[PDB]
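Q: One structure is given below, represented as structure tokens, and several questions about it will come after.
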Amino acid sequence: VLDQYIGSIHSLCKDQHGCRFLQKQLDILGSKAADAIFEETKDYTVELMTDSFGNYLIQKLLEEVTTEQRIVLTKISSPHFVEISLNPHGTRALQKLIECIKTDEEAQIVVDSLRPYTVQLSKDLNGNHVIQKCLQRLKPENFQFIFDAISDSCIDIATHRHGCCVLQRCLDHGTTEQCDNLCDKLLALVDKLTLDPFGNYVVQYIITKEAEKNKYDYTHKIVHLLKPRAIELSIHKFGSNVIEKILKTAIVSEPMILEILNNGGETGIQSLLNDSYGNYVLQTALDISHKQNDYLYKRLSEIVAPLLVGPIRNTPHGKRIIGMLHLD
RNA sequence: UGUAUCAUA
């Protein structure tokens, strides 16, 4: 019921020892000191959220603070979200606010003031981690803005470094109607996303998720568009990782190994053999068929063995594939 | 022999 720091709360946020102090005097102290700290910081929220330590205190406050205090404190940050998102310290408190958000007003406020910055923030080191929180916390009805914002700039965000790490939380917390409209789009860029240094990490994710819900919708729509030309995407730094995934998911593993033999031929196996990225596709197609299908391992081996002769046997990828010929 | 991110005192 008594505070020695009253009238000097703001000066306790300029240094760290004070931020931990108030946080300490906020947990085991009740709401009495929640109205205290709030009232003497509200005029500095935006400033405190982006401080080296201020952010920590703001997050702490957001918890004990009552609804009305938040709704207020949100309407204060609302026109500063963008500069707070783009901030390494601000991105933290802004997320913590998106966490403690309860009422459906704090929601309509946050969504409205992020909506026209969605794309830009996702492409940001700290801006995306906030857009990731909206999916991780809000209702499907609420974070719909993200999906709407992201479904007009698919490749822009997917092929972008941090843009794809956000797409991964779309597929995680989205609606079966949403993800199955986001993927409708992604699928139309599966050519360029598989080759791209970041887009490929998303294609691997569409599959990853469906293989987690044991409900395969696009995993097949992917394979139907990535199989006809599988040797080409195999001898490629990034496409090779997408093909290893299809090769590592049972429900499709086989028919893909089966494309390396059908159209691939003893030729394609050579192309896989010598390439620095293909020799991993070939090397995986072995380990897998070996376990899943002894008629594939057998038809794979009776082509590989004839070609493991001479200079190859003395290469890094050569010695590795040699070890995978007869282990059944 | 070959890819991101997983991040504030």
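Each residue of the first sequence is one higher than the one before, starting from 560 at the first, in the deposited numbering. Ideal placement from N, C-alpha and C gives every residue a C-beta, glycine not left out.
(1) According to the neighbour-count rule (16 or more other Cβ atoms, all chains shown, within 10 Å of its Cβ), is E818 buried or exposed?
(2) Which ranges does the alpha helix (DSSP H) cover as unbroken runs of at least 4 residues, wholly within the segment 662-713, from first to last along the chain?
(3) Tell me which same chain residues have a C-beta within less than 8 Å of the C-beta of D887, skipping the five on either side of it?
(4) Rounded to whole angstroms, what's the CA-CA distance from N685 to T650? Just pull it up for me.
(5) Quick one: any contact between the segment 569-578 and the segment 605-616, if contact means 3 or more CB pairs under 8 Å?
(6) Going by alpha carbons, who is nearest to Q842 out of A864, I630 and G733?
(7) Please give the ranges of any alpha helix (DSSP H) in the segment 830-865, keeping only runs that are unbroken, at least 4 residues long and fully inside the region.
(8) Near residue 942, what residues of its chain come up, given a Cβ to Cβ distance below 6 Å and the 5 sequence neighbours on each side ignored?
(9) Could you name the residues of the same chain whose beta carbon sits closer than 6 Å to that of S567, not counting the 5 residues immediately before and after it, in chain order?
(10) Checking 8 Å against the spacing of the C-beta atoms, do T753 and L792 come in under that value?
(11) By the three-class DSSP mapping on this structure, what secondary structure does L745 have?
(12) Along the chain, where does the alpha helix (DSSP H) containing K634 start, and where does it finish?
(13) In whole angstroms, give me the CA-to-CA distance for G758 and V801.
(14) By DSSP, does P787 sit in helix, in strand, or in coil?
(15) Going by beta carbon distance, what residues of the same chain come within less than 7 Å of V560, once the five residues before and after it are set aside?
(16) Relative to the C-alpha of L673, which candidate in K661, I657 and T662 has its C-alpha closest?
(17) I need the straight-line Cα distance from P787 to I766, nearest angstrom please.
(18) Helix or strand or just coil, what does DSSP make of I617?
(19) Starting from the C-beta of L748, find all residues in its chain whose C-beta is less than 8 Å away, skip the five residues before and the five after it, and write them out in chain order.
(20) Which first and last residues belong to the alpha helix (DSSP H) in which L561 is found?
(21) Does the distance from the CB of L867 to the CB of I880 come in under 8 Å?
(22) Could you check what DSSP says for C723 in three-state terms: helix, strand or coil?
(23) Does DSSP put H576 in a helix, in a strand, or in coil?
(24) With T767 as the anchor, note down where its alpha helix (DSSP H) starts and where it stops.
(25) Between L746 and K780, how many whole angstroms is the CB-CB distance? I'm expecting something under 8 Å.
(26) Since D594 is in the alpha helix (DSSP H), which residue starts that stretch and which ends it?
(27) When you compare the CB positions of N701 and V678, do they come within less than 8 Å of one another, or not?
(28) Could you name the residues of the same chain whose beta carbon sits closer than 8 Å to that of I847, not counting the 5 residues immediately before and after it, in chain order?
(29) Buried or exposed: which applies to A789, given that a residue is buried once 16 or more other Cβ atoms fall within 10 Å of its Cβ?
(30) Looking only at its own chain, which residues have a Cβ that is under 6 Å from the Cβ of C724, when we skip the five neighbours before and after it?
(31) Identify whether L588 lies in helix, strand or coil by the three-state DSSP scheme.
(32) Compute the distance between the beta-carbons of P756 and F704, then report whether it is under 8 Å.
A: Let's see:
(1) buried
(2) 663-673, 677-681, 687-696 and 703-709
(3) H849, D853 and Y856
(4) 6 Å
(5) yes
(6) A864
(7) 837-851
(8) What is shown of the chain runs 560 to 887, which leaves residue 942 out entirely.
(9) none
(10) yes
(11) helix
(12) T626 to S636
(13) 10 Å
(14) coil
(15) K591
(16) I657
(17) 18 Å
(18) helix
(19) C713, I714, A717 and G758
(20) From DSSP, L561 is part of no alpha helix (DSSP H); its letter is neither H nor E.
(21) yes
(22) helix
(23) helix
(24) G758 to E769
(25) 6 Å
(26) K591 to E598
(27) no
(28) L806, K807, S812 and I816
(29) buried
(30) none
(31) coil
(32) no
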